[PDB]
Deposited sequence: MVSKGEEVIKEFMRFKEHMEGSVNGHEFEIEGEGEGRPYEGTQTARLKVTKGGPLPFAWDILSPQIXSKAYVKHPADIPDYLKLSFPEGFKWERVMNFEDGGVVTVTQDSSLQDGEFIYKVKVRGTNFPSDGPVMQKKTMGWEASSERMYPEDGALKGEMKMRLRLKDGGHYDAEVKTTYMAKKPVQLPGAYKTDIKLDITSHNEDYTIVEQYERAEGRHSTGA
């Protein structure tokens, strides 16, 4: 099995949000079959970012999702060649983020290259004013469509006040080879920011994700 019980990953991310270009580098580790992983990220160009780290955190690793034997693990199956994914997040206040990502396995570690583009975030909104406080746990509705695996969910960002700031999220995951698509199911995901410096140029995150029948 190319996917071992413990796998590391290296990530490079670049993009722009509201005219602000940046680049991030990261390294992480986890247990793919247990659906858990952690990573250390740092802003290498464009820091400090003028917008919430939270909009980038979900873009920073689906080979780490625990699946029951009866649900084909399409994304793990795609390795070592890997898969690509594209996503759109439509925030309740008009903000939008689109992402394109490439994932592969080289010399025993996962390699991720991400491009993130955010725009139309109000200057006085929670994103640009950095008033968000991490994500509530999410449940992604997964289903095969058009020979791809799709995921859809409404994600909720906690607000400094106490409210929430929502986004409707749509993602298409496409294996590089036609490995077995699963039937419809759900993936429960919880992402936490476990550490960060004050201006978020240095950040760590943890994520647990698990697929189950719907």
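- Comparing the deposited sequence with the modelled residues shows gaps at 1-6, 67, 222-224, with numbering starting at 1.
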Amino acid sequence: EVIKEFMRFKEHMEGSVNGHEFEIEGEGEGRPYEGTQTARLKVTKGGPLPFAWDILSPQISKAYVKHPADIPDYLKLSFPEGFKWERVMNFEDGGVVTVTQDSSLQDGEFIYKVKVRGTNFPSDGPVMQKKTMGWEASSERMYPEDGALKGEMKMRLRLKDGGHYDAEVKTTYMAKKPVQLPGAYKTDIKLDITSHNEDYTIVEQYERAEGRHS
From here on, numbers count along this sequence of modelled residues.
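- The deposited model assigns a higher average Cα B-factor to 152-160 than to the other stretch when 36-44 and 152-160 are compared.
- The residue among 93, 107, 81, 86 whose C-alpha atom has the highest B-factor in the PDB entry is 107.
- Ranked by Cα temperature factor within the chain, residue 144 sits in the lowest third according to the deposited record.
- Looking at the C-alpha B-factors along this chain, the one for residue 197 belongs to the highest third.
- Compared with the other modelled residues of the chain, the Cα B-factor recorded for residue 213 ranks in the highest third.
- The PDB entry assigns residue 125 a C-alpha temperature factor belonging to the middle third of its chain's modelled residues.
- When the modelled residues of the chain are ordered by their C-alpha B factor, residue 183 lands in the middle third.
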